[PDB]
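Once you know that position 894 of the sequence shown is 894 in the authors' numbering, the rest is easy, because the numbers rise by one and skip nothing.
Worksheet: one structure, shown below.
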Amino acid sequence: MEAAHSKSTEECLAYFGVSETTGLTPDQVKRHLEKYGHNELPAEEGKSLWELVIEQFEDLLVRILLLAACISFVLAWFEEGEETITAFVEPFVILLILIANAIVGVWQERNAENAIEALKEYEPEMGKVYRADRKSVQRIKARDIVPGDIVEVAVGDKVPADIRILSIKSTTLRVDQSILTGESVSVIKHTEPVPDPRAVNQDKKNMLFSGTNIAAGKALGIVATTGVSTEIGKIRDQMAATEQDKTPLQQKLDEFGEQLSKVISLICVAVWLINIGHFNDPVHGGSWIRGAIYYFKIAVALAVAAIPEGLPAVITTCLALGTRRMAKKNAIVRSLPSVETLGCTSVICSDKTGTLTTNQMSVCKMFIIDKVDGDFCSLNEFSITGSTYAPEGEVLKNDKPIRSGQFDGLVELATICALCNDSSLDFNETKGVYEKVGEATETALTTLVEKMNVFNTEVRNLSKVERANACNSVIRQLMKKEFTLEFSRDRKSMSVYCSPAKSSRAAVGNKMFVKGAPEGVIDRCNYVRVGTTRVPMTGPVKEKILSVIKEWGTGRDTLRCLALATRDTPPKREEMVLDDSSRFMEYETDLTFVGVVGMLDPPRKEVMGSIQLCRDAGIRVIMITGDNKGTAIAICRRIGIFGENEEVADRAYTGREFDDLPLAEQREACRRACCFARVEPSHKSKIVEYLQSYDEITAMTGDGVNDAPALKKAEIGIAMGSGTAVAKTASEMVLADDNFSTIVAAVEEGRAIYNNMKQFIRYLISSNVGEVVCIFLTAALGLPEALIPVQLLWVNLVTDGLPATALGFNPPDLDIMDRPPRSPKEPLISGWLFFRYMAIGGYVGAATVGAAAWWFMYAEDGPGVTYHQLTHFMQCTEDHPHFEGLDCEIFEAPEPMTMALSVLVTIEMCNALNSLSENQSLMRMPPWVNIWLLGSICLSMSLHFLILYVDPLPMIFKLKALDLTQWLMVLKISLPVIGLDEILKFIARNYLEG
Ligand SMILES: CC(=O)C1=C(O)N2[C@H](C1=O)[C@H]1c3c[nH]c4cccc(c34)C[C@H]1C2(C)C
Ligand SMILES: [K+]
Ligand SMILES: [Mg+2]
Numbered sequence: 001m002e003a004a005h006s007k008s009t010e011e012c013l014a015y016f017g018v019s020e021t022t023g024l025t026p027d028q029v030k031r032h033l034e035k036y037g038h039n040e041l042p043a044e045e046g047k048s049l050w051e052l053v054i055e056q057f058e059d060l061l062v063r064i065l066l067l068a069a070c071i072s073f074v075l076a077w078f079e080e081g082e083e084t085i086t087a088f089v090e091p092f093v094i095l096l097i098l099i100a101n102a103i104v105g106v107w108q109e110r111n112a113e114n115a116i117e118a119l120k121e122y123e124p125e126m127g128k129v130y131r132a133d134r135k136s137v138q139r140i141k142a143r144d145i146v147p148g149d150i151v152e153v154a155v156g157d158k159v160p161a162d163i164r165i166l167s168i169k170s171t172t173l174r175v176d177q178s179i180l181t182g183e184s185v186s187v188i189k190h191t192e193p194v195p196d197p198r199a200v201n202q203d204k205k206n207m208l209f210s211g212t213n214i215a216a217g218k219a220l221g222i223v224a225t226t227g228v229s230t231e232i233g234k235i236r237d238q239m240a241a242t243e244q245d246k247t248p249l250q251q252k253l254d255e256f257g258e259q260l261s262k263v264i265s266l267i268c269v270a271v272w273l274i275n276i277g278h279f280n281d282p283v284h285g286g287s288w289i290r291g292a293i294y295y296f297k298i299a300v301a302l303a304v305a306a307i308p309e310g311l312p313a314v315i316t317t318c319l320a321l322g323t324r325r326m327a328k329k330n331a332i333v334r335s336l337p338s339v340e341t342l343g344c345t346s347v348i349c350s351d352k353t354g355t356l357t358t359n360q361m362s363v364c365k366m367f368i369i370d371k372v373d374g375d376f377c378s379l380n381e382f383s384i385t386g387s388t389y390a391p392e393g394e395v396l397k398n399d400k401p402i403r404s405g406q407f408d409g410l411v412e413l414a415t416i417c418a419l420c421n422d423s424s425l426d427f428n429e430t431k432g433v434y435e436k437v438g439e440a441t442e443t444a445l446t447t448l449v450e451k452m453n454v455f456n457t458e459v460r461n462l463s464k465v466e467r468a469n470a471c472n473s474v475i476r477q478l479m480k481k482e483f484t485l486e487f488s489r490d491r492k493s494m495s496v497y498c499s500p501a502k503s504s505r506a507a508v509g510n511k512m513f514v515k516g517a518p519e520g521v522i523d524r525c526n527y528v529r530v531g532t533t534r535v536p537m538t539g540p541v542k543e544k545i546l547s548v549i550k551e552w553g554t555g556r557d558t559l560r561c562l563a564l565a566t567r568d569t570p571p572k573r574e575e576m577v578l579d580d581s582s583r584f585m586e587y588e589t590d591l592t593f594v595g596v597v598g599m600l601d602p603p604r605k606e607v608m609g610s611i612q613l614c615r616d617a618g619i620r621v622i623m624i625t626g627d628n629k630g631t632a633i634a635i636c637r638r639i640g641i642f643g644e645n646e647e648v649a650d651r652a653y654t655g656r657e658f659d660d661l662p663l664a665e666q667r668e669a670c671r672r673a674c675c676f677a678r679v680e681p682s683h684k685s686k687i688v689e690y691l692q693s694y695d696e697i698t699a700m701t702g703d704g705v706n707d708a709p710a711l712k713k714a715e716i717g718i719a720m721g722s723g724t725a726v727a728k729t730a731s732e733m734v735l736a737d738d739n740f741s742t743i744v745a746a747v748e749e750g751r752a753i754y755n756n757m758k759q760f761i762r763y764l765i766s767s768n769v770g771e772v773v774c775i776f777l778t779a780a781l782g783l784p785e786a787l788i789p790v791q792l793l794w795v796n797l798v799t800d801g802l803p804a805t806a807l808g809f810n811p812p813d814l815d816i817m818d819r820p821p822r823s824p825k826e827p828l829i830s831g832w833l834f835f836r837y838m839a840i841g842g843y844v845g846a847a848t849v850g851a852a853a854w855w856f857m858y859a860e861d862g863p864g865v866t867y868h869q870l871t872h873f874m875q876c877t878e879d880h881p882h883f884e885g886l887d888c889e890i891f892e893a894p895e896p897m898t899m900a901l902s903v904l905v906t907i908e909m910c911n912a913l914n915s916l917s918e919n920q921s922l923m924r925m926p927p928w929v930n931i932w933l934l935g936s937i938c939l940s941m942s943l944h945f946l947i948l949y950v951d952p953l954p955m956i957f958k959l960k961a962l963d964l965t966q967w968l969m970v971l972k973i974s975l976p977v978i979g980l981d982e983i984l985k986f987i988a989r990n991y992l993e994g
């Protein structure tokens, strides 16, 4: 039964064929359980199983190093060196780092919770059912419950399934639908049917929802739906049938991984083709096994060269250092990649109450009737001071303080505000200020009564606690509050039956004090109270009322107006059916209009600037409020979403309005919409869908299970610090202070992070491109090896890793919030950016080879050799006369490899200084600004010397320390990389920018 609310209690029993007294026979239970299934949610299958790390080794860019480790393992054994511990190092360190980054990569255990698993906390353990096989109440497993079961609920019980209420045993039934609404006020239930077949859950007053808990009372009902067919269950499937795409940056890294793998395979073929000259060599002039070693070692050389082994470790550290900054600005970020895509936020859909507004309801203005004479109709408007729940304020007419008690209309005005009120005030001594008890709207009314004091009660002689509900209680002394007709959206009003206390206070029998929305209440007023007398509600009178109400709501005041009326001659106590929530509007007819109060929902202090900030940032802000379209628009103008005098007749839609538009016009509306009022529960996810259809990264906000699918669907789901648990588990970010400013503040941080992130990524790539050119030149030409793969590991992981991490602390480029959002499918490196790091990579490939070539030819300690014979070092043992000077071991000396290594490091330190900005020169951007960079550079050279002095290190790295004679040449070939890159920067700012 999906429409149990629309059916009567008799029809719902007849449907399942079950007696309300007996219940379901065990024969029916077997049939229903086999048909509808168990009352439970499906389990999740993908926990911390051995599958964990394995999937890291599925993409091509990591299986190459796993393959290169196999090749390295072959070459680590096949050697004529009696060396011991330094044998298995090249395949060991590769494998160790391979596992290390895999463990870092498989970090979804601590930095990624579950939202659907959290939704299994609502489904209770056991529930009370009345089966036919037993007389007494028997509690069974909640999952054993089937549709049609005659279940029982009491105070404290957690509702097991969606249940159509049959009979209420207690006086009144209240349930805590906090998870399915976000609110807190326990709603009242009834048994009479909700005629509307497509009514929302808030209107289903005869239904208990699975996951809800009864706040007060005890009732009996029949199960409508179980499992996934419940309201919670249906929301689960919406989140279950929603795939979450990985952030665009990660796709670029995966795309870069595929392209890089093509380059690596290309060179290995290229090297194979350069070595085609060995096809014309005598078989009796060597061994093919000596060639295979060369082919295999160059293969693993290119692998460790082209690939940034440190990058996954650096970004994971960088993002973690971002989250701590997000938390300092009241922005708890759940997942790590979220801090990157957060900068690419283009649209922020925020709720009004709580985020955009401080939620400080305070009655500012109120009016009553002064004089009615046919066409003439004057009002008595009053203003109230004090935007707080504290009774520290005063009422003034025409900017002059007046006694509210001297006006008869104001007395009945304060009377209704006091009696027709379920909220109150309570003074807090720990904090030192007053606090609200119940709803914020009604508490503001309680505060108003205290400020007015229509009976002039002593206040200065009272304490701070007695001050809270002082005047309000005095009103409760006059009238005895019989019963309260609960609020409902069908009539948008609330009344309360009051009987006069035994003291003969001149009361015409009983009275009904009505409080509700102006539209409905005013139309149900046949009479108008003018002080004490009563006049019939005429046309001209209603014109004045609605006009002022319109002025207070549409005006710059942006007030929430509440019409207050009273029923002078109410129906008898016996004639009223209290269980009928549909006859409540009928009982609230023939009313007499008293007055209208106008309270304020004040904007945050910082949202004014934050809104303006998003204007310059190119971030579209969309407000979602519960106000009427008119006031919704006015608040938009007030906070800066709209101009004070600009046209927005198409940029704001009500829920009703947006629903009457066809699917095409709905999508067309979501690109220009900035204000949504009276939004239906499903519209928030619809808006996200439409926004994502324009490739627009959306930051939707919410704080309930209703908002859970929307938060799951949006790129940046935003929950509140006070929001429900499930909303937080479905969000990517949780605002600690529930502010809209901390959304904007987080986005600015995320944009600065992404800029510094892209900078060191290109920095590491620049080194890797160079190690390709270096190995390619030293292999194609036939030169002796310049760089060992065991060295390249410690170069990219440490020597380049530390300054790259320090590039994350690069100062945020000012005027960054004056640029549009970073495009999703924006290439990391393309065009000039490719050629820029192509030239740097090419130069350092020649600088390293040239360094080793310098020591081999034009050197001090190096032998006097020429280039044409250096390329033929593999013939030192064969061609003896052409190669003569010393041992053949001098071609495999540690000095020239130390040259290429020291030069590569020295350049990368200069390249890190070049990565202080993308285009700003080193003359414009001082190389001493980023202190963390200089501190990292000094640590790099300190470790570079540590592996050349402490004997257990240079033997493993196959290096030999240089003196001042050799270090001079290192700087002469390294430092010119600064000038070359400086030229490129100047070209980019002169013949490219425009
Ligand atoms: C074994 C494993 O967990 C991993 C790592 O060990 N790595 C990275 C990585 O994810 C590899 C990777 C995939 N996509 C890219 C883009 C840019 C750089 C890298 C990667 C580094 C790759 C490797 C093998 C170092
Ligand atoms: K999401
Ligand atoms: Mg990985």
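Where is the CB? At the ideal position from N, CA and C, for every residue including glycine.
Residue i CB to nearest heavy atom of ligand 1 below 7 Å
| i | result |
| --- | --- |
| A102 | yes |
| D351 | no |
| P337 | no |
| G801 | no |
Where residue i falls: helix, strand or coil (DSSP)
| i | result |
| --- | --- |
| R989 | helix |
| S404 | helix |
| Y653 | strand |
| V283 | helix |
| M969 | helix |
| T533 | strand |
| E680 | coil |
| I829 | coil |
| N275 | helix |
Endpoints, the beta strand (DSSP E) within which residue i is located
| i | result |
| --- | --- |
| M512 | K511 to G516 |
| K436 | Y434 to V437 |
| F593 | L591 to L600 |
Member of the options whose CA lies at the smallest distance from the CA of residue i
| i | options | result |
| --- | --- | --- |
| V621 | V577, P602 and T701 | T701 |
| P863 | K544, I890, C344 and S8 | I890 |
| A652 | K629, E665 and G393 | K629 |
beta-carbon residue i near ligand 2 non-hydrogen atom, thresh 7 Å
| i | result |
| --- | --- |
| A714 | yes |
| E732 | yes |
| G702 | no |
| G717 | yes |
| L342 | no |
First and last residue of the uninterrupted alpha helix (DSSP H) at residue i
| i | result |
| --- | --- |
| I71 | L60 to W77 |
| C675 | Counting along the chain, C675 falls outside any alpha helix (DSSP H), though it belongs to the beta strand (DSSP E) covering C675 to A677. |
| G770 | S741 to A780 |
| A853 | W832 to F856 |
| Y690 | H683 to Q692 |
Heavy atom of ligand 3 within 7 Å of residue i beta-carbon
| i | result |
| --- | --- |
| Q692 | no |
| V62 | yes |
| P312 | yes |
Contact under 8 Å by Cβ, residue i with residue j
| i | j | result |
| --- | --- | --- |
| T566 | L591 | yes |
| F776 | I267 | yes |
| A468 | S362 | no |
| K218 | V137 | no |
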